$ cat model-v1.cif   # mmCIF, C-alpha atoms and all ligand atoms
data_run
#
loop_
_atom_site.label_atom_id
_atom_site.label_comp_id
_atom_site.auth_asym_id
_atom_site.auth_seq_id
_atom_site.Cartn_x
_atom_site.Cartn_y
_atom_site.Cartn_z
CA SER A 870 24.18 -3.76 4.60
CA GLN A 871 25.42 -0.60 6.33
CA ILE A 872 23.52 -1.60 9.48
CA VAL A 873 25.58 -3.06 12.34
CA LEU A 874 23.92 -5.54 14.67
CA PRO A 875 23.77 -4.93 18.45
CA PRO A 876 25.20 -7.69 20.65
CA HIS A 877 21.81 -8.47 22.19
CA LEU A 878 20.49 -9.07 18.70
CA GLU A 879 23.59 -11.15 18.00
CA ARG A 880 22.79 -13.11 21.13
CA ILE A 881 19.37 -13.38 20.00
CA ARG A 882 19.63 -14.27 16.31
CA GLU A 883 21.17 -17.75 16.60
CA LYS A 884 18.33 -18.81 18.90
CA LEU A 885 15.95 -17.07 16.49
CA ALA A 886 17.36 -18.97 13.51
CA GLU A 887 17.15 -22.34 15.23
CA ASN A 888 13.68 -21.67 16.67
CA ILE A 889 12.31 -20.70 13.26
CA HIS A 890 14.05 -23.73 11.71
CA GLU A 891 12.07 -26.05 13.96
CA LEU A 892 9.07 -23.75 13.41
CA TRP A 893 9.52 -24.50 9.67
CA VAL A 894 9.82 -28.29 10.20
CA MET A 895 6.78 -28.36 12.49
CA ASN A 896 4.74 -26.37 9.94
CA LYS A 897 5.93 -28.97 7.40
CA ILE A 898 4.87 -32.02 9.48
CA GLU A 899 1.57 -30.43 10.53
CA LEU A 900 0.64 -29.87 6.88
CA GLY A 901 1.62 -33.50 6.28
CA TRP A 902 5.18 -33.45 4.97
CA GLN A 903 7.18 -36.68 5.12
CA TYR A 904 10.87 -37.54 5.18
CA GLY A 905 12.54 -38.99 2.10
CA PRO A 906 15.98 -39.73 0.65
CA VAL A 907 15.27 -37.99 -2.66
CA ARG A 908 14.79 -34.33 -3.62
CA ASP A 909 11.15 -34.64 -4.70
CA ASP A 910 8.46 -32.31 -3.38
CA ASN A 911 5.67 -33.83 -5.51
CA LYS A 912 6.47 -37.35 -4.27
CA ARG A 913 6.63 -36.04 -0.66
CA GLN A 914 10.27 -36.97 0.01
CA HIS A 915 13.04 -34.67 1.27
CA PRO A 916 15.93 -35.08 3.80
CA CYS A 917 15.11 -31.48 4.98
CA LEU A 918 12.78 -32.74 7.81
CA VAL A 919 15.71 -33.94 10.00
CA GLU A 920 17.54 -31.58 12.36
CA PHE A 921 19.61 -28.72 10.97
CA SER A 922 22.78 -30.76 11.52
CA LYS A 923 21.60 -33.54 9.21
CA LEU A 924 19.78 -30.97 7.07
CA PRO A 925 21.78 -29.64 4.10
CA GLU A 926 24.21 -27.06 5.51
CA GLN A 927 23.47 -24.85 2.46
CA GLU A 928 19.83 -24.53 3.63
CA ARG A 929 20.88 -24.20 7.32
CA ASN A 930 23.30 -21.33 6.49
CA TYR A 931 20.66 -19.92 4.08
CA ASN A 932 18.22 -19.82 7.03
CA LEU A 933 20.77 -17.91 9.17
CA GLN A 934 21.37 -15.40 6.32
CA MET A 935 17.58 -15.29 5.74
CA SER A 936 17.16 -14.25 9.37
CA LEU A 937 20.09 -11.88 9.18
CA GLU A 938 18.40 -9.99 6.34
CA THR A 939 15.19 -9.96 8.41
CA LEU A 940 16.96 -8.42 11.41
CA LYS A 941 18.69 -5.85 9.23
CA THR A 942 15.28 -5.12 7.71
CA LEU A 943 13.57 -4.47 11.03
CA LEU A 944 16.48 -2.16 11.77
CA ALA A 945 16.26 -0.40 8.39
CA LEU A 946 12.47 0.02 8.69
CA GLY A 947 13.07 2.64 11.38
CA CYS A 948 11.58 0.26 13.95
CA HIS A 949 13.62 0.71 17.11
CA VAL A 950 13.68 -2.16 19.60
CA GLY A 951 13.67 -2.31 23.39
CA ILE A 952 14.67 -5.04 25.85
CA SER A 953 11.74 -5.94 28.10
CA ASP A 954 13.39 -8.40 30.49
CA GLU A 955 15.69 -11.41 30.78
CA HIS A 956 13.85 -13.96 32.93
CA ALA A 957 11.06 -14.47 30.38
CA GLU A 958 13.78 -15.34 27.86
CA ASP A 959 15.54 -17.65 30.33
CA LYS A 960 12.28 -19.49 31.09
CA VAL A 961 10.09 -20.32 28.08
CA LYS A 962 7.26 -22.81 28.48
CA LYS A 963 6.54 -25.61 26.01
CA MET A 964 3.09 -26.70 24.85
CA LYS A 965 2.21 -30.37 24.90
CA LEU A 966 1.92 -31.60 21.33
CA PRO A 967 0.08 -34.53 19.73
CA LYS A 968 1.96 -37.54 18.37
CA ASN A 969 0.70 -37.05 14.81
CA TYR A 970 1.91 -33.44 14.90
CA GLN A 971 5.18 -34.74 16.37
CA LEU A 972 7.97 -36.01 14.14
CA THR A 973 9.99 -39.16 14.81
CA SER A 974 11.90 -37.45 17.62
CA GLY A 975 9.95 -36.83 20.80
CA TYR A 976 11.26 -33.27 21.13
CA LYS A 977 8.48 -30.69 20.98
CA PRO A 978 9.85 -27.57 19.25
CA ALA A 979 6.79 -25.31 19.63
CA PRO A 980 7.85 -22.70 22.23
CA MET A 981 5.59 -20.56 24.44
CA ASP A 982 2.53 -20.07 22.26
CA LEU A 983 2.31 -16.60 20.74
CA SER A 984 -1.48 -16.36 21.20
CA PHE A 985 -1.00 -14.35 24.40
CA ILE A 986 0.89 -11.70 22.44
CA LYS A 987 -1.42 -9.45 20.43
CA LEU A 988 -0.50 -7.73 17.17
CA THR A 989 -1.06 -3.97 17.20
CA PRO A 990 -2.00 -2.22 13.93
CA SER A 991 1.55 -0.87 13.72
CA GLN A 992 2.95 -4.36 14.32
CA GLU A 993 0.78 -5.64 11.48
CA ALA A 994 1.93 -2.78 9.24
CA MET A 995 5.57 -3.68 9.80
CA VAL A 996 4.71 -7.32 9.11
CA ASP A 997 3.34 -6.12 5.77
CA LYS A 998 6.52 -4.12 5.08
CA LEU A 999 8.76 -7.10 5.92
CA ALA A 1000 6.66 -9.23 3.57
CA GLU A 1001 7.07 -6.57 0.86
CA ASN A 1002 10.84 -6.46 1.37
CA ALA A 1003 11.16 -10.25 1.28
CA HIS A 1004 9.14 -10.40 -1.94
CA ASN A 1005 11.31 -7.66 -3.45
CA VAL A 1006 14.49 -9.51 -2.46
CA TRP A 1007 12.83 -12.65 -3.87
CA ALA A 1008 12.36 -10.95 -7.24
CA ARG A 1009 15.74 -9.26 -7.37
CA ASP A 1010 17.16 -12.78 -7.18
CA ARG A 1011 14.87 -14.01 -9.98
CA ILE A 1012 15.75 -10.99 -12.21
CA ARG A 1013 19.46 -11.57 -11.51
CA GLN A 1014 18.78 -15.17 -12.63
CA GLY A 1015 17.12 -13.64 -15.71
CA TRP A 1016 13.68 -15.08 -14.93
CA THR A 1017 11.01 -12.66 -16.31
CA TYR A 1018 7.25 -12.37 -15.69
CA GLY A 1019 4.84 -14.53 -17.67
CA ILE A 1020 1.10 -15.23 -17.53
CA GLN A 1021 2.00 -18.94 -17.28
CA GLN A 1022 5.10 -20.34 -15.51
CA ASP A 1023 7.80 -21.58 -17.94
CA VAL A 1024 10.59 -23.80 -16.50
CA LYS A 1025 12.80 -23.39 -19.60
CA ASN A 1026 11.99 -19.84 -20.69
CA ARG A 1027 12.31 -18.75 -17.02
CA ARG A 1028 8.90 -17.07 -16.84
CA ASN A 1029 7.18 -16.92 -13.43
CA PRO A 1030 3.69 -15.38 -13.09
CA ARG A 1031 4.98 -14.83 -9.53
CA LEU A 1032 7.22 -11.84 -10.45
CA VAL A 1033 4.59 -9.14 -9.77
CA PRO A 1034 4.27 -6.37 -7.15
CA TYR A 1035 3.14 -7.68 -3.78
CA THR A 1036 -0.22 -5.90 -4.06
CA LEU A 1037 -0.88 -7.77 -7.32
CA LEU A 1038 0.49 -11.04 -5.90
CA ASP A 1039 -1.73 -14.11 -5.68
CA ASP A 1040 -3.58 -14.40 -2.39
CA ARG A 1041 -2.36 -17.96 -1.65
CA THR A 1042 1.43 -17.37 -1.57
CA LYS A 1043 1.00 -13.82 -0.26
CA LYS A 1044 -0.75 -15.31 2.80
CA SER A 1045 1.86 -18.11 3.12
CA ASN A 1046 4.77 -15.62 3.23
CA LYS A 1047 2.66 -13.33 5.45
CA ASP A 1048 2.09 -16.08 8.05
CA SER A 1049 5.82 -16.92 8.32
CA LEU A 1050 6.51 -13.16 8.56
CA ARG A 1051 3.80 -12.68 11.20
CA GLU A 1052 5.01 -15.67 13.22
CA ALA A 1053 8.59 -14.42 12.83
CA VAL A 1054 7.69 -10.96 14.18
CA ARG A 1055 5.69 -12.52 17.01
CA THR A 1056 8.65 -14.76 17.88
CA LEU A 1057 10.88 -11.66 17.99
CA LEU A 1058 8.40 -10.02 20.35
CA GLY A 1059 8.18 -13.17 22.48
CA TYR A 1060 11.94 -13.11 22.88
CA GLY A 1061 11.27 -10.14 25.15
CA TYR A 1062 12.89 -7.85 22.58
CA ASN A 1063 9.86 -5.58 22.31
CA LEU A 1064 9.87 -3.47 19.16
CA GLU A 1065 8.44 0.05 19.09
CA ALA A 1066 7.19 1.27 15.73
CA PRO A 1067 8.38 4.47 14.06
CA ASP A 1068 5.80 7.24 14.14
CA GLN A 1069 3.12 7.19 11.46
CA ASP A 1070 4.33 9.34 8.57
CA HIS A 1071 1.61 10.88 6.40
CA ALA A 1072 2.70 11.35 2.79
CA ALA A 1073 0.33 12.75 0.17
CA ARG A 1074 1.50 12.83 -3.45
CA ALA A 1075 -1.31 15.22 -4.50
CA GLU A 1076 -1.38 13.35 -7.83
CA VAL A 1077 1.78 14.95 -9.20
CA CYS A 1078 2.12 12.08 -11.69
CA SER A 1079 0.15 12.99 -14.80
CA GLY A 1080 0.14 12.67 -18.57
CA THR A 1081 3.38 14.40 -19.58
CA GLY A 1082 3.22 17.53 -17.43
CA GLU A 1083 -0.36 18.69 -17.84
CA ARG A 1084 -2.08 19.48 -14.54
CA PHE A 1085 -5.59 20.11 -15.89
CA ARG A 1086 -7.60 20.16 -19.12
CA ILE A 1087 -10.16 22.84 -19.94
CA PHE A 1088 -13.32 22.09 -21.94
CA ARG A 1089 -15.41 24.96 -23.28
CA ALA A 1090 -17.95 25.75 -25.97
CA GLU A 1091 -17.03 27.64 -29.13
CA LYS A 1092 -16.49 31.39 -28.84
CA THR A 1093 -19.32 32.07 -31.30
CA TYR A 1094 -21.90 30.86 -28.76
CA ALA A 1095 -21.16 33.72 -26.35
CA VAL A 1096 -24.25 34.99 -24.55
CA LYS A 1097 -24.63 38.72 -23.92
CA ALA A 1098 -28.16 38.83 -22.44
CA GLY A 1099 -30.89 36.57 -21.12
CA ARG A 1100 -31.14 33.71 -18.66
CA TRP A 1101 -29.04 30.62 -19.33
CA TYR A 1102 -28.59 27.24 -17.65
CA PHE A 1103 -26.39 24.18 -18.15
CA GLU A 1104 -25.48 21.16 -16.03
CA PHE A 1105 -22.16 19.54 -15.12
CA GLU A 1106 -22.06 15.96 -13.85
CA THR A 1107 -19.25 14.76 -11.57
CA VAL A 1108 -18.41 11.12 -12.24
CA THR A 1109 -15.58 11.42 -9.71
CA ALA A 1110 -15.00 13.79 -6.78
CA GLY A 1111 -11.67 15.55 -7.31
CA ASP A 1112 -10.13 18.78 -8.54
CA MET A 1113 -12.79 20.18 -10.87
CA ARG A 1114 -14.08 23.62 -11.79
CA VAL A 1115 -17.22 24.61 -13.69
CA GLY A 1116 -18.61 28.01 -14.62
CA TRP A 1117 -18.68 30.66 -17.32
CA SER A 1118 -15.66 31.95 -19.24
CA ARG A 1119 -14.86 34.83 -21.56
CA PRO A 1120 -13.59 34.12 -25.10
CA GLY A 1121 -10.18 35.43 -24.04
CA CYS A 1122 -9.53 32.58 -21.63
CA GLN A 1123 -6.10 30.95 -21.76
CA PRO A 1124 -6.19 27.12 -21.92
CA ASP A 1125 -2.96 26.84 -19.90
CA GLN A 1126 -4.07 28.92 -16.90
CA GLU A 1127 -6.23 27.62 -14.08
CA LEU A 1128 -9.91 28.55 -14.07
CA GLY A 1129 -10.71 31.59 -11.94
CA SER A 1130 -7.10 32.54 -11.19
CA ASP A 1131 -7.45 35.49 -13.60
CA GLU A 1132 -10.35 37.77 -14.55
CA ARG A 1133 -11.29 35.89 -17.73
CA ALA A 1134 -13.29 33.15 -16.00
CA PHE A 1135 -15.75 32.55 -13.17
CA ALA A 1136 -15.63 29.05 -11.69
CA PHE A 1137 -16.77 26.99 -8.70
CA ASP A 1138 -14.34 24.57 -7.04
CA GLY A 1139 -16.51 22.28 -4.96
CA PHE A 1140 -13.52 20.09 -4.12
CA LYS A 1141 -12.34 22.89 -1.81
CA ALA A 1142 -15.76 24.61 -1.68
CA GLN A 1143 -14.16 27.65 -3.33
CA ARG A 1144 -15.45 30.24 -5.78
CA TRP A 1145 -12.75 31.39 -8.19
CA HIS A 1146 -12.46 34.81 -9.81
CA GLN A 1147 -9.06 36.50 -9.34
CA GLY A 1148 -8.82 34.58 -6.07
CA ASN A 1149 -10.59 31.98 -3.96
CA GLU A 1150 -13.33 32.62 -1.40
CA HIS A 1151 -15.34 30.09 0.58
CA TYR A 1152 -18.64 29.31 -1.12
CA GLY A 1153 -20.98 26.34 -0.96
CA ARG A 1154 -20.21 22.78 0.09
CA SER A 1155 -18.33 19.88 -1.46
CA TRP A 1156 -19.76 17.38 -3.93
CA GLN A 1157 -19.49 13.60 -4.04
CA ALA A 1158 -19.39 11.19 -6.96
CA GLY A 1159 -22.50 11.44 -9.12
CA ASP A 1160 -23.44 14.94 -7.97
CA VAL A 1161 -24.89 17.23 -10.65
CA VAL A 1162 -23.93 20.92 -10.59
CA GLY A 1163 -26.22 23.45 -12.26
CA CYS A 1164 -24.84 26.77 -13.50
CA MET A 1165 -27.16 29.73 -14.06
CA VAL A 1166 -26.23 33.19 -15.37
CA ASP A 1167 -28.53 36.15 -15.97
CA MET A 1168 -26.77 38.94 -17.86
CA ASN A 1169 -29.67 41.34 -17.20
CA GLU A 1170 -28.78 42.07 -13.55
CA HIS A 1171 -25.24 40.63 -13.89
CA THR A 1172 -25.60 37.81 -11.36
CA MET A 1173 -24.31 34.25 -11.20
CA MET A 1174 -25.67 31.30 -9.19
CA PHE A 1175 -24.91 27.61 -8.65
CA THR A 1176 -26.85 24.51 -7.59
CA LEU A 1177 -25.55 21.25 -6.10
CA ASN A 1178 -28.04 18.43 -6.75
CA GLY A 1179 -30.80 21.05 -6.87
CA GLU A 1180 -30.29 23.06 -3.69
CA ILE A 1181 -28.93 26.59 -4.00
CA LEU A 1182 -25.31 26.93 -2.90
CA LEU A 1183 -24.68 29.88 -0.59
CA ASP A 1184 -21.59 31.91 0.24
CA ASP A 1185 -20.57 32.60 3.84
CA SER A 1186 -23.48 35.04 4.06
CA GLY A 1187 -27.07 34.24 3.18
CA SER A 1188 -26.75 35.53 -0.38
CA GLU A 1189 -27.46 33.09 -3.20
CA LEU A 1190 -25.26 34.97 -5.70
CA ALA A 1191 -21.80 33.51 -6.29
CA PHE A 1192 -20.69 36.64 -8.18
CA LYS A 1193 -22.89 39.64 -7.38
CA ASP A 1194 -21.76 42.00 -10.15
CA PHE A 1195 -19.64 41.81 -13.30
CA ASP A 1196 -19.46 43.35 -16.77
CA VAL A 1197 -21.06 42.00 -19.95
CA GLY A 1198 -17.92 42.63 -21.99
CA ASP A 1199 -17.63 40.19 -24.89
CA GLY A 1200 -19.97 37.55 -23.41
CA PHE A 1201 -19.75 34.23 -21.60
CA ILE A 1202 -19.55 30.57 -22.61
CA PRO A 1203 -19.73 27.38 -20.50
CA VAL A 1204 -16.35 26.17 -19.26
CA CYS A 1205 -15.02 23.25 -17.23
CA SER A 1206 -11.61 22.25 -15.88
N1 LIG B 1 16.96 -22.03 4.28
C1 LIG B 1 16.38 -21.06 3.58
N2 LIG B 1 16.52 -19.78 3.99
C2 LIG B 1 15.94 -18.81 3.28
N3 LIG B 1 15.19 -18.90 2.18
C3 LIG B 1 15.07 -20.18 1.80
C4 LIG B 1 15.61 -21.28 2.42
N4 LIG B 1 15.27 -22.44 1.72
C5 LIG B 1 14.54 -22.02 0.72
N5 LIG B 1 14.39 -20.65 0.71
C6 LIG B 1 13.63 -19.86 -0.25
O1 LIG B 1 13.09 -20.74 -1.21
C7 LIG B 1 12.84 -20.01 -2.44
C8 LIG B 1 13.19 -20.88 -3.62
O2 LIG B 1 12.08 -20.89 -4.56
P1 LIG B 1 11.62 -19.50 -5.23
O3 LIG B 1 10.44 -18.97 -4.49
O4 LIG B 1 12.81 -18.62 -5.41
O5 LIG B 1 11.14 -19.99 -6.68
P2 LIG B 1 11.26 -19.36 -8.15
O6 LIG B 1 10.87 -17.92 -8.09
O7 LIG B 1 10.59 -20.27 -9.12
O8 LIG B 1 12.85 -19.44 -8.38
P3 LIG B 1 13.76 -19.45 -9.71
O9 LIG B 1 13.37 -18.23 -10.51
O10 LIG B 1 15.19 -19.40 -9.23
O11 LIG B 1 13.43 -20.74 -10.43
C9 LIG B 1 13.61 -18.69 -2.32
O12 LIG B 1 12.73 -17.58 -2.23
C10 LIG B 1 14.45 -18.85 -1.05
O13 LIG B 1 14.58 -17.62 -0.36
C1 LIG B 2 12.40 -18.45 4.09
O1 LIG B 2 13.44 -18.78 5.01
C2 LIG B 2 13.57 -20.07 5.47
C3 LIG B 2 14.40 -20.24 6.56
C4 LIG B 2 14.59 -21.49 7.10
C5 LIG B 2 13.99 -22.61 6.53
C6 LIG B 2 13.14 -22.45 5.42
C7 LIG B 2 12.95 -21.17 4.90
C8 LIG B 2 12.44 -23.63 4.79
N1 LIG B 2 13.35 -24.41 3.93
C9 LIG B 2 12.64 -25.45 3.17
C10 LIG B 2 12.22 -24.96 1.81
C11 LIG B 2 13.10 -25.01 0.74
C12 LIG B 2 12.72 -24.55 -0.51
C13 LIG B 2 11.47 -24.00 -0.71
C14 LIG B 2 11.06 -23.50 -2.06
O2 LIG B 2 11.29 -24.21 -3.04
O3 LIG B 2 10.51 -22.38 -2.12
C15 LIG B 2 10.59 -23.93 0.36
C16 LIG B 2 10.97 -24.40 1.61
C17 LIG B 2 14.60 -24.82 4.57
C18 LIG B 2 14.42 -25.41 5.95
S1 LIG B 2 14.28 -24.18 7.28
#

$ encode --input "model-v1.cif" --output "structure tokens"
Amino acid sequence: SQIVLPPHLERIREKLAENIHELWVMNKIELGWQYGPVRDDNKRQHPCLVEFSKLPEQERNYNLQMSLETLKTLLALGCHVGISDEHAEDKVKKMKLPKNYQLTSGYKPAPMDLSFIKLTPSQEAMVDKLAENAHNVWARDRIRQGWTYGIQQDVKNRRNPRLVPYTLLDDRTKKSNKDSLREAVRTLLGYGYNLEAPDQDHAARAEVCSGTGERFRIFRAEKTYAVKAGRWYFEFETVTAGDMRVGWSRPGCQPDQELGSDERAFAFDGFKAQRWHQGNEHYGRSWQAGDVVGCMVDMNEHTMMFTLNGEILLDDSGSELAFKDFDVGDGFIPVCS
């Protein structure tokens, strides 16, 4: 609402509103909609097919407001607009149209066909965002009405399966709104009022949202199974490919601290290809979904090694040892974050 409309948009939006009005009535007659005295969509009768003057002024004004919200929404998207020229707006060609596609009046509303104009990926993205905003303004109205979501539409209980996020919306209506949006944006472009998209903003949430406030969960064997000597091996399977750590931990490990940040644990972060013990150093490569990581420790020469799907993971050098030397201490147990 805080947005103020430029005069060139003001002298463009009345012509926009009319043009899309006839766009709407041509879409209606192409799909096979007929004129009728009564307000019955199932019986295929509606006085809406006549010109906007004979059309109910409520709908005609609603169309103008509908377009006004659309203009204010292009402006609020951060999509700045430029004026290409004036003569292409003064002179707009008209396709020849078939009689069956024509209504009772001989006037052909379909203006210079938008097929010449091509939709860039950014122009499609803003079409998606306009569709999202229209759906959201559609649902704010329904919620104000008190209509709530329901798996099956209820006329009396005011339940519409339609009140869902646009991503979850049914493909039929989503496409129908999308087409009118797409044709609306193309009509805006064909008015010579070329729109330049805001720069692509990259936003990564890094999965801050989590159960309560826990960032990670640590799974380990019981402290009584600590190994002090010998050769030991266990395997860790990665169903997903995200922030994981696997390795050997001392019985003094804190469940709230990250693996390898302190001296109590030795871990391998394949997500960043990092080996973790009081710091991170580059080691090995990254895993994908389904990769199996093997962990081997030999407390005789105090070495630690790792395998990704069988092959030995190396550090920056040619050495196969993730942690060359450590102390036996109290022992080690398998651990995973
Ligand atoms: N001239 C017009 N300008 C703008 N929008 C219009 C116009 N005529 C009809 N509409 C649209 O028609 C729709 C009316 O049906 P709607 O999709 O809201 O059904 P609904 O969700 O079942 O509604 P309700 O919950 O009120 O029963 C609205 O989204 C409204 O924006
Ligand atoms: C979405 O902005 C507009 C702007 C202009 C016009 C329409 C829609 C189309 N309408 C017909 C209509 C009425 C109700 C429904 C419905 O029940 O959803 C669907 C179509 C009015 C004539 S021009």

$ residues_around --input "model-v1.cif" --residues "range 878-883 of chain A" --least-positions-apart "4" --cutoff "8 Å" --atoms "only C-alpha atoms" --output "PDB file with C-alpha atoms, in the frame of the given file"
ATOM      1  CA  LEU A 874      23.920  -5.540  14.670  1.00  0.00           C
ATOM      2  CA  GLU A 887      17.150 -22.340  15.230  1.00  0.00           C
ATOM      3  CA  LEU A 933      20.770 -17.910   9.170  1.00  0.00           C
ATOM      4  CA  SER A 936      17.160 -14.250   9.370  1.00  0.00           C
ATOM      5  CA  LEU A 937      20.090 -11.880   9.180  1.00  0.00           C
ATOM      6  CA  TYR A1060      11.940 -13.110  22.880  1.00  0.00           C
TER       7      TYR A1060
END

$ residues_around --input "model-v1.cif" --residues "residue 1174 in chain A" --least-positions-apart "3" --cutoff "8 Å" --atoms "all atoms listed in the file" --output "PDB file with C-alpha atoms, in the frame of the given file"
ATOM      1  CA  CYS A1164     -24.840  26.770 -13.500  1.00  0.00           C
ATOM      2  CA  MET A1165     -27.160  29.730 -14.060  1.00  0.00           C
ATOM      3  CA  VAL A1166     -26.230  33.190 -15.370  1.00  0.00           C
ATOM      4  CA  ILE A1181     -28.930  26.590  -4.000  1.00  0.00           C
ATOM      5  CA  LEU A1182     -25.310  26.930  -2.900  1.00  0.00           C
ATOM      6  CA  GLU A1189     -27.460  33.090  -3.200  1.00  0.00           C
ATOM      7  CA  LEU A1190     -25.260  34.970  -5.700  1.00  0.00           C
ATOM      8  CA  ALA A1191     -21.800  33.510  -6.290  1.00  0.00           C
ATOM      9  CA  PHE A1192     -20.690  36.640  -8.180  1.00  0.00           C
TER      10      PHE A1192
END

$ closest_residue --input "model-v1.cif" --among "A:1108, A:1032, A:1202, A:1024" --to "residue 1093 in chain A" --atoms "only C-alpha atoms"
A:1202

$ residues_near_ligand --input "model-v1.cif" --ligand "ligand LIG 1 (chain B)" --cutoff "6 Å" --atoms "only C-alpha atoms and all ligand atoms" --output "VMD selection string"
chain A and resid 928 to 929 931 to 932 935 1007 1011 1016

$ residues_near_ligand --input "model-v1.cif" --ligand "ligand LIG 2 (chain B)" --cutoff "12 Å" --atoms "all atoms listed in the file" --output "ChimeraX atom specification"
/A:885-898,902,908-911,915-939,1000,1003-1004,1006-1007,1031,1042,1045-1050,1053

$ atom_distance --input "model-v1.cif" --atom1 "CA of residue 1096 in chain A" --atom2 "CA of residue 1201 in chain A"
5.4 Å

$ atom_distance --input "model-v1.cif" --atom1 "CA of residue 1005 in chain A" --atom2 "CA of residue 1052 in chain A"
19.5 Å

$ closest_residue --input "model-v1.cif" --among "A:876, A:906, A:1163, A:980" --to "residue 1105 in chain A" --atoms "all atoms listed in the file"
A:1163

$ residues_around --input "model-v1.cif" --residues "range 955-965 of chain A" --least-positions-apart "6" --cutoff "8 Å" --atoms "all atoms listed in the file" --output "list in words"
residues 977, 978, 979, 980, 981, 982, 1060 and 1061 of chain A

$ atom_distance --input "model-v1.cif" --atom1 "CA of residue 1092 in chain A" --atom2 "CA of residue 1149 in chain A"
25.6 Å

$ closest_residue --input "model-v1.cif" --among "A:1128, A:1158, A:988, A:940" --to "residue 1059 in chain A" --atoms "only C-alpha atoms"
A:988
